[PDB]
Amino acid sequence: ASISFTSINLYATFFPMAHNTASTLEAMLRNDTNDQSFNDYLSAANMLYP
Amino acid sequence: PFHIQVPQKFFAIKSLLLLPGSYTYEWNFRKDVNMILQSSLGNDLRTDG
Amino acid sequence: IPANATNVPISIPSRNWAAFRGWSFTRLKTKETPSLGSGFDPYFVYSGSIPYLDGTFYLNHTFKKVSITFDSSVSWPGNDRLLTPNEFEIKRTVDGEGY
Amino acid sequence: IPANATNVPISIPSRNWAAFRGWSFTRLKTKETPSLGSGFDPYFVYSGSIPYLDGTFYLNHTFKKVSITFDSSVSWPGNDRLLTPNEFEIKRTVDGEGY
Amino acid sequence: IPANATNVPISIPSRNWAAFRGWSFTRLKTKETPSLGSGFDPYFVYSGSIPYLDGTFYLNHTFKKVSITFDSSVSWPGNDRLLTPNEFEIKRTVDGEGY
Amino acid sequence: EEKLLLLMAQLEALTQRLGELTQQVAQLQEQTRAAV
Amino acid sequence: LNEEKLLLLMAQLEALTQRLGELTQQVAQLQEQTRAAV
Amino acid sequence: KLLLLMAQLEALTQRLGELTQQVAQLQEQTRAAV
Amino acid sequence: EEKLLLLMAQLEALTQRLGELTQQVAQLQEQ
Amino acid sequence: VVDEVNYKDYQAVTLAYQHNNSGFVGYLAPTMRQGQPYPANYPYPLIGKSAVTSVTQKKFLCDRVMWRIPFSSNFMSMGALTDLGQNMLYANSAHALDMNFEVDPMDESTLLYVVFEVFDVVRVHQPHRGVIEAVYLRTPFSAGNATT
Amino acid sequence: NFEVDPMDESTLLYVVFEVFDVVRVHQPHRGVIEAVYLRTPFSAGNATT
Amino acid sequence: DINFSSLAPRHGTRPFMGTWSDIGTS
Amino acid sequence: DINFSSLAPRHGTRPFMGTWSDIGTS
Amino acid sequence: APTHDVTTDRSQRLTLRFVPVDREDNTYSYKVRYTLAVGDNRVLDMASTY
Amino acid sequence: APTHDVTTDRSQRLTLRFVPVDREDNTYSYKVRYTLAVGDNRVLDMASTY
């Protein structure tokens, strides 16, 4: 078995949004207290022992 | 094979500001070859071909 | 759609489009579709599953493009919202941009 | 009408229909009708009666329907009038309602 | 422009464009252009009309398109302004509906 | 840089000159075969 | 930019093959009974 | 990825020349009925 | 007859074109 | 499937000249067995050692689904009365719609079924016993829009 | 739409669209004549004008 | 969606003591 | 809980006069 | 230059082309009917039509 | 629905792709670097990138 990558591109899709409402949104996400936060679904410390 | 642009010459509508709404604009063109083609001799171009 | 023909030219007269929603489309076969507006259609010689009435379409995969024009001059998917920026393409056969 | 064809689609551009009266219709032959777009038609090789100008119609019994719609969603003799409301039928072969 | 090239890409860094006017462009040749940055210049073997220091341009019919974009994702006059929105074309072969 | 760009774009412009020869074969099968 | 111009002759090729072998090598089976007719 | 281009488009030509033959034994045999 | 001479002649035209550009690939994958 | 141009031992064999299960199945018919045990020659290997050069064919089927394109600027509807249905109460006066479609060839006559999605309001009222009334109205396509 | 019986010859379908076609003729002085034509359902095409 | 907003009054259920009863137009 | 998923500062709302989505902030 | 009241603002084309809505062919003449539509908040000049 | 007050009117692509600005090919790995750019007044979600 063998493989070779020819061509890799990065697709993205923007929601089309009114510029007034998407700069209101920007204003309220550039602020300190409007920080985004995520969890790792399984938060883990991986320890594998022989 | 020709490609040409032809302007309006009718005085009423050649400098008019047409305001919003739908309009019907329709005009006729001539396929007479003595009437749309000039010559340097003025020979009949319907019998020339 | 004529036999072996590759395009369908559809044109709708000037019409109000107030409270218009989308469109839908599917391809049928003439012999499998009965003519409604008749008490008897004597040329209907089919009796299998009628796709028209039963909703059991199966020729949705023969479309390769559709395009919309309003006013006779403005492509509706033409506010630069698509990678093919003046029509939809359903199937692309011969792909070289990875679409 | 090309020949051996059973439907003739005919349509008119959008326009106001104020002061409109009826319609009439009749069928002619392309062999028996000169072209009046020119002053001389070299393809007119008939010298018999011309129904276009002499009113010598004889081919009105070939019609079997006419259907009139406006904007492709209004049917003109519609709103229930005729026995079959949305289409005139000049003649019906294969009957069963005693039409 | 390498010999027999069909494209020239330009990339400019992120830069403030306050008080910015247009662009102009023309094509010159390597041998008909000296460098003014070095007062030494032994590779200049031409002596005709130098279209760099004199407006004697003559290769402005050798351009086919120019595409302008900001942030590699915004086509600048692409508010549908042009009849071909995403690029200017200086010239094209085949009218393609009288363009 | 632009030698190699043009090199393989002259082999994608040579398959569109073999692309309309399939249409010159298709005359044997014909097209739009409906009748009046 | 010269790596996004690759692989685009390897799927043009695929389409072409089935239009140059279904219109070539199956016209070579149309020489067994058709040679003077349309 | 350039070895692919040079070797599979020198394989393309095999049935380019056979297609020349096929039409010359069909559409040139209608110009000389068999 | 004319349309056959736009198939036969173009098959043999682009045999030459194709062949010389495969060679170009082989010497510019070494540069 | 086999690459018919870049495989150099490609022979186009027809149905007649294909054999496989030789001696254990009938000759082009659901009838009794015929023939001798012999090597096959029908499908070309695509797997294992001695696999032939191949092309890739890809398609999809959609059955029981009509294609639909919403008449909304963002192509998702967040309300039955679309946002562009309500830009036709201020920027409408009637316009033409021309749609072009490209379809595969079919060897038989086909129809295209285009559905133009509207409101069909069926509305009914009784004002007295044994009396029933109704008014039926539709918006972008409607009947009684050029006659009474 | 119309449905006509098939016929082997090429045929035409003649549809008369019945309108008004009134002319008013005034002679306001000796050797002066004036005429004005009205056709109302067809004025923006399908009337040659 | 395809057309379905053809729904009820957006009431809630009537209040009671002992889970159920009927009050009509009250 | 046992594996994380606690998120969401959202409820959703649609102003009256039908259900009319977006209040566009109050 | 004026920084307001000349700006395009919203997307709109600055050139349109309208295909005929009807055409008749005659041996001595030709006829093409169009629907020439000017959207709201746009003013056409009929000097620039051809 | 909203009266177009939640959507753009100045023209922006929905679907985009960012070509590599660098590619490194190796004997066991591939590294692809892109510039992922978000135009002003646009909202990008990294759920819709792939």
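The scheme used for residues numbers each chain from 1 in its written sequence order. That scheme is not guaranteed to match the entry numbering, and residues without coordinates are omitted from view. Going through the entries in the order they are written, you letter the chains from A and number the ligands from 1. Note: displayed chains form a subset of a larger assembly, with all reported quantities computed for the displayed subset only. Think of the side-chain values as coming from all heavy atoms in the structure, minus any hydrogens and water.

- Per the deposition metadata, cryo-EM was the technique used to determine this entry, at a resolution of 3.07 Å.

Section: the overall build of chain N
Next, step 1: Each helix and strand in chain N was counted, giving zero helices and three strands.
Next, step 2: Under the scheme used here, helices are H or I runs from DSSP no shorter than 4 residues and strands are E runs no shorter than 2 residues, and both carry numbers assigned from the N terminus. When its helices and strands are written in sequence order, chain N yields β-β-β.
Next, step 3: Atoms counted for the radius of gyration: C-alpha only. Globule rule: 2.2 Å times the number of residues to the power 0.38. Scaling as 2.2 N^0.38, a compact globule of 50 residues should have a C-alpha radius of gyration of about 10 Å, whereas chain N reaches 16 Å, well beyond that.
Next, step 4: The C-alpha extent of chain N, read off along each of the three principal axes, is 55 × 20 × 15 Å.
Next, step 5: In chain N, which comprises 50 residues, the share counted as buried stands at 28%.
Next, step 6: Residue-level accessible areas treat just the shown protein chains as cover; the underlying method is Shrake-Rupley with a 1.4 Å probe. Counting only carbon and sulfur atoms, one obtains 49% of the accessible surface of chain N, whose full area is about 3,400 Å².
Next, step 7: Across chain N, the centroid of the 7 positively charged side chains sits 6 Å from that of the 7 negatively charged ones. Each residue's exposure class comes from its accessible area (1.4 Å probe, protein chains only) as a fraction of the maximum for that residue type: buried when under 20%, exposed when over 50%, partly exposed otherwise. Charged residues are defined here as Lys and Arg on the positive side and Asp and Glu on the negative side; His and the ends of the chain fall outside this count. Taken as the charge centre is NZ of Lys, CZ of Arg, CG of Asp or CD of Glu, depending on the residue.

Observations regarding the pattern of salt bridges
Next, step 1: Throughout this description, the term salt bridge denotes a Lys or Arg side-chain nitrogen within 4 Å of a carboxyl oxygen of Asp or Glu. One pass over the full model with this rule turns up 24 salt bridges over all chains.
Next, step 2: Ionic pairing is found between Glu-108 of chain J and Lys-29 of chain C, a salt bridge with its closest N-O pair at 3.2 Å. One end of the pair, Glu-108 of chain J, is in the loop between β2 (95-103) and β3 (110-116); the other, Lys-29 of chain C, is in strand β2 (residues 23-29), on a second chain.
Next, step 3: In this structure, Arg-10 of chain N and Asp-9 of chain O form a salt bridge, with 3.4 Å as the shortest nitrogen-oxygen distance. Placement of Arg-10 of chain N in the segment before β1 (22-25) and of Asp-9 of chain O in the segment before β1 (15-18) is noted, with the two residues assigned to different chains.
Next, step 4: Salt bridges here are not isolated pairs; linked through shared partners, they connect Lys-29 and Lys-31 of chain C together with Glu-108 of chain J.

Remarks on the arrangement of the chains
Next, step 1: The pair of protein chains exhibiting the most contacts, out of 41 pairs of chains in contact, is chains C and J.
Next, step 2: A minimum C-alpha distance of 33 Å separates chain B and chain H, which share no contact.
Next, step 3: The contact rule is simple, with two residues in contact once any of their heavy atoms fall within 4.5 Å. These two, chain C and chain K, are apart from each other, with no contact and a minimum C-alpha gap of 14 Å.

What about helix α2 (residues 16-23) of chain H?
Next, step 1: Every buried residue of α2 of chain H is listed here: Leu-16, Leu-19, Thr-20, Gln-22 and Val-23 of chain H. Angularly, the buried residues of α2 of chain H cover 165° about the axis, an arc narrow enough to put them on a single face.
Next, step 2: Taken together, the buried residues of α2 of chain H touch α2 (21-26) of chain F together with α1 (8-27) of chain I. Summarising the geometry, the arc corresponds to the directions from the helix axis toward the C-beta atoms.

Observations regarding the interface of chain J and chain C
Next, step 1: The interface is formed by 54 residues belonging to chain J together with 56 residues belonging to chain C.
Next, step 2: Two parts placed together each lose some accessible area under a 1.4 Å probe, and the buried area is that loss summed for both. Each partner contributes to the roughly 6,300 Å² buried at the junction of chain J and chain C, and carbon and sulfur atoms together form 58% of this total.
Next, step 3: Our count for the contact surface shared by chain J and chain C stands at three salt bridges.
Next, step 4: Elements with a minimum of two residues in the side of chain J that touches chain C: β1 (67-69), β2 and β3 of chain J.
Next, step 5: Considering every element that reaches the side of chain J that touches chain C, the biggest residue donor is β2 of chain J, with nine residues.
Next, step 6: DSSP calls a pair of strands paired once it identifies at least 2 bridges connecting them. Across seven bridges, the pairing between strand β1 (residues 7-15) of chain C and β2 of chain J is antiparallel. What sits directly across from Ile-12 of chain C, in β2 of chain J, is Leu-97 of chain J.

Digging into the sheet that holds β3 of chain J
The strands making up a sheet associate through backbone hydrogen bonding, with each pair oriented either parallel or antiparallel.
Next, step 1: Spatial ordering of the open sheet is given by β1(J)-β2(C)-β3(J), a layout of three strands whose pairing is antiparallel. Each end of this open sheet is capped by a strand with a single partner; those strands are β1 and β3 of chain J. Between one strand axis and the next, the sheet turns by 20° as a mean value, whatever way the strands run.
Next, step 2: Here β2 of chain C pairs with β1 of chain J via three bridges, running antiparallel. Fitting a line to C-alpha atoms yields each axis, with helices limited to the stretch in contact; the angle taken between N-to-C directions then spans 0 to 180 degrees.

Examining the side chain of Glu-26 of chain B
Next, step 1: Locating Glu-26 of chain B in the fold gives a position in strand β2 (residues 21-30).
Next, step 2: Given a relative accessible area of 14%, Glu-26 of chain B falls into the buried group.
Next, step 3: As used in this structure description, the phrase polar contact means that two N or O atoms lie within 3.5 Å; if the pair is within protein, one of them must be able to donate a hydrogen and the other to accept it, and residues adjacent in sequence are counted only when both atoms belong to side chains. One polar contact links the side chain of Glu-26 of chain B to the main-chain amide nitrogen of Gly-45 of chain K, over a distance of 3.4 Å.
Next, step 4: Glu-26 of chain B has contacts with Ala-44, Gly-45 and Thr-49 of chain K together with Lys-31, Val-32 and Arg-33 of chain N, leaving out every residue within four places of it along the chain.

Section: the pairing of β2 of chain C
Next, step 1: Most of β2 of chain C sits inside the fold, with seven of its seven residues counted as buried.
Next, step 2: Here β2 of chain C shows no split at all, with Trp-23, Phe-25, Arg-27 and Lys-29 of chain C on one side and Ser-24, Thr-26 and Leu-28 of chain C on the other all buried.
Next, step 3: The pairing of β2 of chain C with β3 of chain J spans seven bridges and is classified as antiparallel. Within β3 of chain J, the position partnered with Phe-25 of chain C by the bridge is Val-114 of chain J.

Things to note about α1 of chain I
Next, step 1: A helix is expected to reach a length of 1.5 Å times the quantity of its residues less one. The end-to-end C-alpha distance of α1 of chain I is 30 Å, a good match for the 28 Å that 20 residues give at a rise of 1.5 Å each.
Next, step 2: Turning to α1 of chain I, its buried residues number three or more, namely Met-8, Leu-11, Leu-14, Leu-18, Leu-21, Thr-22, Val-25 and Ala-26 of chain I. With its buried residues spanning 145° around the axis, α1 of chain I presents them on a single face. Turned more than 90 degrees away from the buried face of α1 of chain I, the exposed residues are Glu-12, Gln-16 and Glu-20 of chain I.
Next, step 3: Looking at the buried residues of α1 of chain I, the elements they touch are α1 (3-7) and α2 of chain F together with α1 (3-8) and α2 of chain H.

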